[PDB]
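What follows is one structure encoded as structure tokens, with my remarks underneath.
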Amino acid sequence: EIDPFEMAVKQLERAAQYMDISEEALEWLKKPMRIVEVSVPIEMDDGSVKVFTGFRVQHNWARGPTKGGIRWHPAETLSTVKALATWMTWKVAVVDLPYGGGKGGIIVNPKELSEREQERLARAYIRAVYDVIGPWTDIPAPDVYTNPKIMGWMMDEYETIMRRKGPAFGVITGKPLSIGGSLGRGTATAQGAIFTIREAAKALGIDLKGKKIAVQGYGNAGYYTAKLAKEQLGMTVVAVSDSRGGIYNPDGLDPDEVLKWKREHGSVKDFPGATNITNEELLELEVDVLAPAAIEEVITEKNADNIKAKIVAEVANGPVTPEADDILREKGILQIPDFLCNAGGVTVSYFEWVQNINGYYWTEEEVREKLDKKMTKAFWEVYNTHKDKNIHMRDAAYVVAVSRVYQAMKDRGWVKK
Amino acid sequence: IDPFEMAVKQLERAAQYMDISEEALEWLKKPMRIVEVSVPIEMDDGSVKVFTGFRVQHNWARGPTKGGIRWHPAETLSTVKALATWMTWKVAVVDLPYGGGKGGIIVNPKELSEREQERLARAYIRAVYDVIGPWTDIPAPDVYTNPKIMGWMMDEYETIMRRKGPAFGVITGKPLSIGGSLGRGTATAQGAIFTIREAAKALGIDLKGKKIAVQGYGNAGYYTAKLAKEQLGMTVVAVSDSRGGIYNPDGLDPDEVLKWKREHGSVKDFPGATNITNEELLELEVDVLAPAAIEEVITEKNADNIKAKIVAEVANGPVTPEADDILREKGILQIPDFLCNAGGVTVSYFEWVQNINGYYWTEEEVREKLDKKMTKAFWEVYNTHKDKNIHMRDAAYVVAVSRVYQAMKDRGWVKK
Amino acid sequence: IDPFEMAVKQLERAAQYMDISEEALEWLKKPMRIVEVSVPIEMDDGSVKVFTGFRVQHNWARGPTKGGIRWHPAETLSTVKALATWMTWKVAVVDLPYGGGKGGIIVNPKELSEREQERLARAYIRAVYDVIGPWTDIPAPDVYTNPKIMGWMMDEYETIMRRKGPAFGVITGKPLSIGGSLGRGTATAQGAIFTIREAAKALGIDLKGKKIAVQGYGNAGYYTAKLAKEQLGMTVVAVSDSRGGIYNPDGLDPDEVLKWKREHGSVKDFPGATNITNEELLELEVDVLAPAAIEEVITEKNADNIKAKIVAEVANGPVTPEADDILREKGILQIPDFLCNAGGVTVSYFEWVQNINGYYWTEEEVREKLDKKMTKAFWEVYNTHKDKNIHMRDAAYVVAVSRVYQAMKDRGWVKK
Amino acid sequence: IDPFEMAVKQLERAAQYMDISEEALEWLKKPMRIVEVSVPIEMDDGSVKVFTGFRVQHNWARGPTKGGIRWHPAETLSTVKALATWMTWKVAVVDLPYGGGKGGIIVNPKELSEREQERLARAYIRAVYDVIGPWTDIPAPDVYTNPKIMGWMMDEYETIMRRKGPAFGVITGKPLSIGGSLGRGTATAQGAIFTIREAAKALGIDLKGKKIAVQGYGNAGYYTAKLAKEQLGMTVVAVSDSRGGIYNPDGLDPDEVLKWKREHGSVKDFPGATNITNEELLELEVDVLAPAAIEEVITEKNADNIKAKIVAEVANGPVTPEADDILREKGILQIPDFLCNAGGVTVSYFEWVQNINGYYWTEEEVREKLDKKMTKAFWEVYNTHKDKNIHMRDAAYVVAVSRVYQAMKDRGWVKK
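Have a look at this one:
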């Protein structure tokens, strides 16, 4: 229907308040430029042919090829896919990638599918959307219930149809390392987040080394943000959590042994010295850095006045709500907005694509140097925009992103003004 | 949505009269590719506006998808989808090596300048270029689009395609100077005259000196009367415009009637003719009745008063389903609309063949081919109706859906 | 490699009957392109198996190469090459704008499920895509491949090609739904009947009422018998198959004995006949003998016993070269195999023409055209044998090799 | 055939030192694509002559296939196939995003004029055009082909390609004026030197002032001696031609020796040197012995008489498998040929990278990148041999085949 999309358009309209943008250009940006819906037929293991529904949305490619993941999910809608493609346009523009925004999806429950039917689905998706994707057109990537395994299957099929005529590795990212993958992909989101957390404390004078962090969540993001916040920033991880509960212990938790416990015990609860707490105890925890590395709107109106960290680093997307926002800005709390804070992920995927189309692969250290600079410069631009335009960090991020996209459209002559 | 859900329902009905696997049904219910795109133009009043454009390609099992583009303020994706699905049956009933497609732009085009119209034509092609082509998807005129717009569209395609292929063949309905076909104007009527002749044959009637009534005196109606008289030797005893009808049991001459309508604004008072009503024309005792006008004009209410031996549905939809049941039980032979008026989609196929071949046919050549095509389509629908004991309408669908399904099975798309 | 070597040797004999430079001759002895590919499939049991496929394009001076794909466990690159070389002569004797190609996979298709067979067919097209296509190299069915597999292959090609061109025309022998041709299943037999009729004409023989015997009773034998009876007015006095022959001086009904064959496994012990042996069948006093089973059935041992006025070689290689001399001494007109049974490849050409022209022919259209290709091909070869005063078989090769060699010179491939 | 059978068996041996599924083993036993083409040229005679060319692409899982073209009168498809197969483990051991390819023409180039050689280089490209290209299959020089021939080939490609893409990147070993790379000429030696330096590091040997002998004195032997001295600061106590060796416990100067060899044809009687035999050179008590001439120079017969701490296999195939066991049991560290001489293919890579990126590197940049790749490659094969406790040759296959096999699984080519 829409409303994920309604929502995306709304936050674009809101940001048009903090910058001069023509109506022409605003209207153009509210429409995804190409939306494709295709039948994705596979033959089940039992011999029956099922047709699934797939989408690929290319929101805007003024700045270059569109970029974005493919989600396999039974509750997938075109409204979601469009909303997310719109957000991708801003996300890649906030870290100055020469990309537009794109996204895809199949309405499927993948855990009903065997490996073999999953490869069929991955290959049938590519055979269906082939004419609108490509290394210089639209470059997919993993997402919800897709992973490098499926990326490899999709790449191979693309290379088969293309007849090995071009950099087919660069048709898609998140690939296995054996076939065009990139080092640094797993750490990407956390690592970028950590750079922004660093440049934030820098801007704030906060010395950071030894100071406290709490990380709400323990997926890949949460675990690694905790790890690097520690072993890279000198912080004391005094709290983390998982879906079923969190733990505190202000002497210093160890993210690995906490992870062993988590996998050992299903949860970080009960941990060695871990004064078990609630998530909101974690959110209302007095730290230097709080990283809600889990779930949307967890700091809303009904808790925001009790958020204690000097810096809120949104590794998770959408943790802080607009009302939550205003409180925190006026509290004096510096949020690193999600799509700037976790852009390290889309940045390392740009790097993957660059290694592919150039036929030359970087090192673990080269990728991080490069990620460091992107994240650093991106944060600075948003930070100085929010200072100079005296607006909230989030709106600054949108003004940075939408200005790039707007400018590109103008320079092509897409909009005259 | 409603129009699309309607098209889906009509397939599920047709599936009641034939054996089709569930997996093939589920496939035919889903359009295989839908494309929605921004279509930006610069308006004359200086603004840049981005209209929403669609191209739907329902199924290409039999060949490239074929179908018109609508410029219309009420365009929904659901209408474009329904029309693509229906177009798959239309091209299959008359055995064209095509699947079904359709497009439209959501715009009120009524007051767009020629300049804005060309820009919109061109911007549409530039948006959908990657999914169309002489061997992929071949558009055509529809609501608010015409040959003029087809020419601008072709030209833009050729310019992007770099003249590397048969670009004329990317779209039909083109002006004659640039790859258009002869026989396009009279195609609907001429095709109908062939099925009327074949229906008569099926019924054992010789139409020479038999009586025909035609409801409607636009292009379709006028040429149906004119050709029935001319080719089939029939006596045009009634025709009618939107206002009313005229009658003369010794025959109206369709040209004179057209002349009269030109001068007087209506067929009314035509010298020697009895003024009758539309609904009276419908009930005349004639060998052929050709509703060439509005839809649902033969219904549950008047269907039992029809006296025609053959009812040629030249207009789309002129007979409702209750009326179907009645006319059948009365032994009245209906030529269902998408069979009867298929000469249109047939002659648009002919155009493509001419383009793709770089060689153009005469009037006589187009007519002879249209004859063959229409004649075999009638017999196929007729024999299916007899052999299966089903209404002519349901037989037309079983013939269409059977073709597409056979093609799907023969490609390995569905195993079953 | 004896199969290819045998092919080369035959080209070398034909050079003895015409003026052809060493240049050209050395060119024609080599296949211009030979592709050998890994064709992997995931078996039903999840295991992946790599099969070996070949595609061979012998010579494309005259146009794209044409030829079928054998799925057979003793396929060798040498046979494929031999067959490709021979295809070039076959497409040329009957004057197609083609050259010759052939392909094959080393697989026993009888051990693969339909799902595994579709995977194989698709893996083959995925493997050879870059060297085949509608104006490059056009495959077709052969040993253990059929229209079902052609449809699968055409489909995988269309998919990789992104429907940019006439993907129907990449391969012939397709199901009718997706571009196949009428006239296909009886093409070989029908082609032979035309050359039989022209041979009779050359001999001054009126075939109505005259006797024909046919060795072999598969599709070609069956339809050779049936069409000679019905079209030529002949009396079918004997037919046979692997298990034996049957004789009736008064005539056999081809459908009755086909029903008996289907019922009992062989034409043998048909109640409406006496049994005779295959050799006895070969020696009957008939106007036409049509060997339509296996190769080398007429040899040095029995060639003197043949009494047939015309030997129509429906099968490939039924007569040995010793037999050629003998029968030609005896005054027996042979219709050499690759001439006699060329109606198949002629009709496959017709199918490709319909595909690339997006326009399909009627049964009777495919027939008249076949009729003329075959007739014309026959008088060409017959008048060569007459003028150059040589064996029909050598006149056939001269005609073929001359065409291919003229095209090579006209391109400047060879300078003489 | 045999060369190929040898390669298959070397792979079958590899498999026993790692985990590799039978379906993956069988896949890897087979060249995925094999092209055999006619390659015609007009002689300066004016006569047209058709040569036989091959191009084999064994496996492209890791990326485009890389490998050279051989002009040689005893060229066999089995040979091109064996070398293509070997090419795949080479580009893998050194972690290039490539797979293995190889090509060949059966010709005596020595009998070909320069004009005719160009014609042949151009015809080869005209014939294999569809299966090669910057992202498909990138050739290189080999036996009797050189940068001069690459430039002709690249040019013909660029002409057929219509300059649509980075045509420089279709073929490596190019002249510097049209996309060639610096570092090319000394790439194999320079790479041998890095591996030698690292082998030393591994053994705790400082090579400064240690003795090296080098068998063979083409480019590879020459530059190995020259750099071992200049870079590694070794004493070159002996080098050797085909004629024989020369020795001097005090040192030979590689440049002097080459001058001398240039002025005389041979190294024999180099001032101050004692003439020794090649077998005497091999048995020299040195720190590094580099067989940079012919294959199977170290065998069962003489392997026990080898006194080098390091056998750097600069040539391909110098030590036999029996010899491998003897040397290893003796504590001698071999640097297996396809790891040790991989600097050539490593710089052909850097060339292709510069070509597709339209940006060229310096001598210094080429050399440091190579240093890094050859070093990193060495330690991997080294630590494999140590950790699996296997011969360095088998470790190099384990490293290489594991890479090619991991890419196949991640594409889903082989399921296990």
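Sequence order for the protein chains is F, A, C and D. In terms of PDB author numbering, the first sequence is numbered consecutively and its last residue is 419. In terms of PDB author numbering, the second sequence is numbered consecutively and its last residue is 419. In terms of PDB author numbering, the third sequence is numbered consecutively and its last residue is 419. In terms of PDB author numbering, the fourth sequence is numbered consecutively and its last residue is 419. Every residue gets a Cβ at the ideal spot worked out from N, C-alpha and C, and that includes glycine.
- Rounded to whole angstroms, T82(D) and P6(D) show a C-alpha spacing of 6 Å.
- Per DSSP, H388(A) has no beta-bridge partner at all.
- Between the segment 143 to 159 of chain A and the segment 66 to 83 of chain A, the count of C-beta pairs closer than 8 Å reaches three or more; the two stretches touch.
- The Cβ-Cβ distance between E39(D) and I37(C) falls below 7 Å.
- If you check each beta-carbon in the segment 297 to 312 of chain F against every beta-carbon of chain D, none falls closer than 8 Å.
- Fewer than three Cβ pairs drawn from the segment 385 to 403 of chain D and the segment 48 to 55 of chain D lie within less than 8 Å of each other, which leaves the two stretches out of contact.
- In the DSSP assignment, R58(A) forms a beta bridge with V38(A) and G106(A).
- The closest CA to that of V350(A), considering only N111(A), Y385(A) and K376(A), is found on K376(A).
- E201(A) is positioned such that its CB atom lies closer than 7 Å to that of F381(A).
- Taking 7 Å as the threshold, the shortest C-beta distance from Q60(A) to chain C does not fall below it.
- Bounds of the beta strand (DSSP E) holding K214(C) are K214 to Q218.
- Taking the C-beta atoms as reference points, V260(A) is found no nearer than 7 Å to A293(A).
- For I181(F), the CB contacts under 7 Å within the same chain, skipping 5 residues up- and downstream, are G154, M157 and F171 in chain order.
- Comparing alpha carbon positions, the residue from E15(C), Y363(C) and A345(C) closest to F197(C) is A345(C).
- Put simply, the CB of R165(F) is near chain C, with a gap under 7 Å to one of its CB atoms.
- For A64(D) against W416(D), the beta-carbon gap comes to about 6 Å, under 8 Å, which counts as contact.
- Per DSSP, the unbroken beta strand (DSSP E) holding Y250(D) starts and ends at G248 to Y250.
- Listed along chain A, no residue sits closer than 8 Å to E45(C) by beta-carbon distance, the nearest being about 16 Å off.
- For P112(C), the CB contacts under 7 Å within the same chain, skipping 5 residues up- and downstream, are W74, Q120 and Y147 in chain order.
- Fully contained in the segment 277 to 340 of chain D are the following beta strand (DSSP E) runs of length 3 or more, in chain order: 277 to 279, 291 to 294, 313 to 315 and 336 to 338.
- From the beta-carbon of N360(D), the residues of chain F found nearer than 8 Å are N360, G361 and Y362.
- Interface annotation for the segment 118 to 135 of chain F against chain C: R118, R129, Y132 and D133, criterion Cβ-Cβ distance under 8 Å.
- In this structure, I135(A) is the residue among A18(A), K264(A), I135(A) and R165(A) with its C-alpha nearest to the C-alpha of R165(C).
- Using a C-beta cut-off of 8 Å, the segment 309 to 316 of chain F makes contact with the segment 329 to 349 of chain F, since at least three inter-stretch Cβ pairs fall below that distance.
- Secondary-structure assignment with DSSP links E45(F) through a beta bridge to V51(F).
- Bounds of the alpha helix (DSSP H) holding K151(C) are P150 to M164.
- When Cβ-Cβ separations below 7 Å define contact, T79(F) makes no contact with chain C.
- Boundaries of the alpha helix (DSSP H) harbouring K204(F): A190 to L206, taken from the DSSP string.
- The beta carbon of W138(A) falls within 7 Å of a beta carbon belonging to chain C, placing the residue at that interface.
- Neighbours of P142(C) in chain A, taken as residues at a C-beta separation under 9 Å, are lacking, since the least C-beta distance is about 16 Å.
- Annotation for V300(F): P294 and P321 place their beta carbon closer than 6 Å to its own, counting only its chain and skipping 5 residues before and after.
- Within 10 angstroms of the beta-carbon of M9(A) lie fewer than 16 other beta-carbons, which makes it exposed.
- By a beta-carbon distance limit of 8 Å, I141(A) contacts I174(A). Their separation comes to about 6 Å.
- If you look at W74(C), you'll find it in the beta strand (DSSP E) that goes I72 to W74.
- Here the C-alpha atom of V94(A) lies approximately 35 Å from the C-alpha atom of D98(C).
- Secondary structure note for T349(F): its alpha helix (DSSP H) is the uninterrupted segment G346 to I359.
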